[PDB]
2 protein chains.
Amino acid sequence: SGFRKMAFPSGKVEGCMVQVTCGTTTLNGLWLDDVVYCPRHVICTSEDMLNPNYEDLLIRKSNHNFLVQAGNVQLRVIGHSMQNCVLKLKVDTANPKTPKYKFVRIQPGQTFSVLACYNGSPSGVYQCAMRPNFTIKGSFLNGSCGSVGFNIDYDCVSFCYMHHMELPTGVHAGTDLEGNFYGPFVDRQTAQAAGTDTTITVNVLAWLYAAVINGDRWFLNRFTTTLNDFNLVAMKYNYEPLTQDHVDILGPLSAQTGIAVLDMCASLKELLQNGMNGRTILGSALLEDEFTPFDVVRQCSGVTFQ
Amino acid sequence: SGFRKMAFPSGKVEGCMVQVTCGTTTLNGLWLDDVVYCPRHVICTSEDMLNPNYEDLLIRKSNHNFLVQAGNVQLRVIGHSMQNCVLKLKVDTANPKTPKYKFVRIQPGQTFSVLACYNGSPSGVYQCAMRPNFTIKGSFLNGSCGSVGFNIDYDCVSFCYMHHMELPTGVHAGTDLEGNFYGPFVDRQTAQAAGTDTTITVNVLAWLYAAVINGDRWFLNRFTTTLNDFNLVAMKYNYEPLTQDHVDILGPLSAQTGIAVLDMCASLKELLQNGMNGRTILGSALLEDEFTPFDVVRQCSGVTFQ
């Protein structure tokens, strides 16, 4: 029993983290077979970050200007290429710890684990959600750019995120592993607005189902509701609207618990309009939206990985 | 910036998890050099758990009754020994993934990472605290016994915990890696009372210092207080009393933030007697006690590991 914000085991990713240095700047890189993926702003100094012309900067750089280090071994950069915001640093040796991997562009509301690294060395791992405004509320100090987010499909690591920037608001922005930012952000030290951040309703519902499974039932109310009527209230509290696809995804949880998805929505509706009144759900005083319906089923069924 | 309940990278431990089978029962084991540590109740069936005589049960078992498996390779048990609650299964091959390790018995209030495993395969990792009543509020399904808790001293894994039992109250009990339970618990399927669970005050104070560092300052109050007077209020709200040793440990945080430890205590005192009034601290509506002062300094300074 019990419920925790569990991260994926990080071992398969720890073996892929390297230190990349270009000039004075040093950040983290992702060493898959013979390419080292890293933020392209590794080529920038603090001044360049205010208004960087990446094409012009990269052209000033050559293969021998990139120092890639893994532990106490050095990697030779035999080629460099820029893919939208990522530097692909082709090195001479393929990473022997290269796992079965996949590059995936996740959707907002999906969760993944972040391996926070400094100088190419792992410092910790945590599970987070891609917010609906494509930011992540992470924990990144100076020199953590290039840290990656990932999921594990039992033997296959799905890399979905690379950290690039801390917005002046203290939230974090980054790309997929093809260098395409999540959201409207650019890798420039300028004021950048992230959208309104909404609560991931399908995730909250998934977590309420976890609460029931683990014995928290007080929020099961005497009401029901319609999908149209629930969404009306969700909009007022900055919850993203629920679709039938979200209902279909919650199916297995509905079947395990005997609670129809629309009945759970009525419970959540009342939680929204009347609060939790100094009571908790799974040790939390706030409604949690960083567990997907799959996380809950994974954790409540104990699926393992390689 | 930002703050997350970060777990240690799990890779060095993933390589030590094995599946141990004795009869019908199968749980997790810890494969360090040529010993496999696992809960001794692996030798018990469901009936034996109600009233097990472990000496008499183990004597009915022989070396060939223990099936230790790592992935798709099998380990031969060349010896078996029982150390207080742990089975030391001597196998014929030393774990080549054996990290620099240490067995440590932690004190309540200290934090560590748990690698939750099923069938010897890792399913996820989370950071938790040893509660003052020597339980852990974990996430353990059937077949997760033997999962281990650990800290990492940059190249040295300090194994401090092995999960043995879920108490009928849904909380979790286990031992150090010498088989000595944390707390008054026994590995028997009987009703067992854990003590009153108090909040780890030095940890809450450490986390308030993290709040200040990350820009949360509203709880900084107009009051001060004495250590004797603060402890008087802490006792009322089931907070463990603060000692000068706790004050000495918070020193570096006091120096970084310019806030004297006794001033932070006055802030916490008012938080206790008047609540948080629908406001948050680091995204939390409750006071967090699963960050030690070392966790905060580690996370706020970005220390890395091997």
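Residues numbered from 1 in each chain as written, not as in the entry; some residues may be left out. Chains lettered and ligands numbered in written order. Heavy atoms only, no water.

Listed as the method for this PDB entry is X-ray crystallography; the listed resolution is 1.9300 Å.

K.L.:
Would you take a moment to explain the relation of the copies chain B and chain A for this structure?
P.N.:
A rotation about an axis combined with a shift along that same axis relates the two copies of the chain. In screw terms, the move from chain B to chain A is a rotation of 180° and a rise of 0.0 Å along the axis, fitting with an RMSD of 0.0 Å. This pairing of chains is accounted for by a two-fold axis. Closest to the rotation axis within chain B is the C-alpha of B:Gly11, separated from it by 1.7 Å. Both copies contact each other with a shared surface, as 100% of the interface residues of chain B are interface residues in chain A too. (Least-squares fit on C-alpha atoms. Contact = heavy atoms within 4.5 Å.)

K.L.:
It is not clear to me how unusual backbone geometry should be interpreted in this structure. Could you clarify?
P.N.:
Leaving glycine aside, a negative phi is the common case for residues, and trans is the common case for peptide bonds. All names here are of chain B. At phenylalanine 134, a residue that is not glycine, the phi angle is positive and equals roughly 65°. When you line up the elements, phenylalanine 134 lands in the loop between strand 10 (121-129) and strand 11 (148-152). With a phi angle near 60°, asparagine 238 is a residue other than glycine that sits in the positive phi range. Following the sequence through the fold, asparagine 238 ends up in the loop between helix 4 (227-236) and helix 5 (244-249). (Helix = DSSP H or I, 4+ residues; strand = E, 2+ residues; numbered from the N terminus.)

K.L.:
Hey, could you run me through the domain arrangement of chain A in this one?
P.N.:
Interfaces are often described in size by the accessible area the parts lose on coming together. Entries for chain A in the domain assignment read domain 1 (11-91) and domain 2 (201-301). Using C-alpha coordinates to define each centre, domain 1 of chain A is positioned 43 Å away from domain 2 of chain A. (Domains from an automatic or database assignment.)

K.L.:
Looking at this structure, how should I read the sheet that holds strand 1 (residues 17-22) of chain B?
P.N.:
Strand pairing in a sheet is mediated by backbone hydrogen bonds. Such pairs are either parallel or antiparallel. All names here are of chain B. An order of 5-4-1-2-3-7-6 is seen for the seven strands of this open sheet, with the pairing classed as antiparallel. Whereas interior strands pair on both sides, the edge strands pair on one side only; in this sheet they are strand 5 (73-75) and strand 6 (77-83). In this sheet, adjacent strand axes meet at a mean angle of 30° when their direction is disregarded. Bridging between strand 2 (residues 25-32) and strand 3 (residues 35-39) involves three bridges; their strand directions are antiparallel. Across the sheet, residue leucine 32 finds its bridge partner in strand 3, namely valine 35. (Pairing = 2+ DSSP bridges. Axes fitted to C-alpha atoms, helices over the stretch in contact; angles between N-to-C directions.)

K.L.:
Mind showing me how you'd approach the nonpolar core here?
P.N.:
The nonpolar side chains of soluble globular proteins are, as a tendency, buried together. Ranked by internal contacts, the top residues of the largest apolar core, which has 42 residues, are A:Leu30, A:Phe159, B:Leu30 and B:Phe159. Excluding residues that lie within four positions of it along the chain, B:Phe159 makes contacts with B:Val13, B:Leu30, B:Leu32, B:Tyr101, B:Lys102, B:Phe103, B:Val104, B:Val148, B:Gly149, B:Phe150 and B:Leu177. Counting 35 residues, the second-largest nonpolar core is a separate cluster that includes A:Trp207, A:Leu208, A:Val212 and A:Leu271. (Core = buried A, V, L, I, M, F, W, Y, C linked by side-chain atoms within 4.5 Å. Buried < 20%, exposed > 50% of the residue type's maximum accessible area, 1.4 Å probe, protein only.)

K.L.:
Sorry, what's going on with the state of the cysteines here?
P.N.:
Defined simply, a disulfide is a covalent bond joining two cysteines at their sulfur atoms. All names here are of chain B. In the structure shown here, the tally under the stated rule is zero disulfides over all chains. Of the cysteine sulfurs around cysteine 117, a residue in no disulfide, the closest is that of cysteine 16, at 10 Å. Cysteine 160 forms no disulfide, and the closest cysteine sulfur to it belongs to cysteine 128, at a distance of 8.1 Å. (Disulfide = S-S within 2.5 Å.)

K.L.:
Looking at this structure, I do not really get the interface of chain B and chain A. What am I missing?
P.N.:
The interface of chain B with chain A comprises 43 residues on the first partner and 43 residues on the second. For the chain B and chain A pair, buried surface summed over both sides reaches about 3,100 Å², with 54% attributable to carbon and sulfur atoms. When the shortest N-O distance is used, the salt bridge between A:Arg4 and B:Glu290 registers 3.1 Å. For the side of chain B that touches chain A, the secondary-structure elements that each account for two or more residues are helix 1 (11-14), strand 9 (111-118), strand 10 and helix 8 (293-301) of chain B. (Buried area = accessible area lost by both parts, 1.4 Å probe. Salt bridge = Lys/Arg side-chain N within 4 Å of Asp/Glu carboxyl O.)

K.L.:
Looking at this structure, I do not really get empty space enclosed by the protein. What am I missing?
P.N.:
In this approach a probe as big as a water molecule rolls over the atoms, and the regions it shows empty are the leftover space. Under the defined criterion, the tally for this structure stands at six cavities of 30 Å³ or more. One number sums up the size of the largest cavity: a volume of about 90 Å³. Around the largest cavity, the lining comprises 13 residues; the ones closest to its centre are B:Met6, B:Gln127, B:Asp295, B:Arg298 and B:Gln299. Of all the elements in the fold, those that place two or more residues in the lining of the largest cavity are strand 10 (121-129) of chain A together with helix 8 of chain B. Looking at the lining of the largest cavity, the element that brings in the most residues is helix 8 of chain B, giving three residues. Looking at the lining of the largest cavity residue by residue, the class counts come to four nonpolar, four polar and five charged. (1 Å grid on protein atoms, 1.4 Å probe; cavity = no way out; pocket = protein on both sides within 12 Å on 5 of 7 lines; lining within 4 Å. Points joined across faces, edges and corners; volume = space filled by probe spheres on them. Nonpolar A, V, L, I, M, F, W, Y, C, P; charged D, E, K, R; others polar.)

K.L.:
For this particular structure, what's the right way to read the side chain of B:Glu290?
P.N.:
Within the secondary structure, B:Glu290 sits in the loop between helix 7 (261-274) and helix 8. Of the residues examined, B:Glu290 reaches a relative accessible area of 5% and is grouped as buried. Of note is the side chain of B:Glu290, whose polar atom sits 2.9 Å from the backbone nitrogen of B:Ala129. Not counting residues up to four positions away in its chain, the partners in contact with B:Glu290 are A:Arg4, B:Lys5, B:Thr111, B:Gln127, B:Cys128, B:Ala129, B:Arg131, B:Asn203 and B:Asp295. (Polar contact = N/O pair within 3.5 Å; in protein donor to acceptor, adjacent residues only side chain to side chain.)

K.L.:
Would you mind showing me how to read the packing of helix 4 (residues 227-236) of chain A against helix 7 (residues 261-274) of chain A here?
P.N.:
Between two packed helices, what matters for the description is the angle formed by their axes and the separation of those axes. Residues and elements named next belong to chain A. At their nearest, the axes of helix 4 and helix 7 sit 10 Å apart, and the two run at 25° to each other. Overall, the two elements helix 4 and helix 7 adopt an arrangement that is roughly parallel. Handedness of the crossing formed by helix 4 with helix 7: left-handed. Contacts between helix 4 and helix 7 involve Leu227, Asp229, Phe230 and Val233 on the former and, on the latter, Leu262, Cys265, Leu268, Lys269, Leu272 and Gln273. (Parallel < 35°, antiparallel > 145°, perpendicular 65-115°, else oblique. Left-handed = near helix turned anticlockwise from the far one by under 90°.)

K.L.:
Explanation requested: the sheet that holds strand 3 (residues 35-39) of chain A in the structure shown.
P.N.:
Residue and element names in this part refer to chain A. The strand order across the open sheet built from seven strands is 5-4-1-2-3-7-6, with neighbouring strands paired in antiparallel fashion. Lying at the two open borders of the sheet, with one neighbouring strand each, are strand 5 (73-75) and strand 6 (77-83). Direction aside, neighbouring strands of the sheet carry axes that sit 30° apart on average. Pairing of strand 3 with strand 7 (residues 86-91), which is carried by five bridges, proceeds in the antiparallel orientation. Bridge pairing in strand 7 links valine 35 to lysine 90.

K.L.:
Teacher, can you tell me more about the packing of helix 3 (residues 201-213) of chain A against helix 8 (residues 293-301) of chain A here?
P.N.:
Residues and elements named next belong to chain A. At a closest axis distance of 8 Å, the pairing of helix 3 and helix 8 adopts a crossing angle of 25°. For the element pair helix 3 / helix 8, the angle class is roughly parallel. Crossing geometry of helix 3 relative to helix 8 is assigned as right-handed. When helix 3 is examined against helix 8, the residues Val202, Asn203, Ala206, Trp207, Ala210 and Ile213 are found in contact with a partner set consisting of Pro293, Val296 and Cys300. In terms of residue class, the contact of helix 3 with helix 8 is made up of eight nonpolar, one polar and no charged.

K.L.:
Any chance you could explain the environment of B:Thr198 here in plain terms?
P.N.:
Residues and elements named next belong to chain B. The topology assignment puts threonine 198 in the loop between strand 13 (172-175) and helix 3 (201-213). Take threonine 198: its relative accessible area is 19%, and that puts it in the buried class. Taking the C-alpha atoms as reference points, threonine 198 and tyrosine 237, separated by 39 residues in sequence, lie 8.4 Å from one another.

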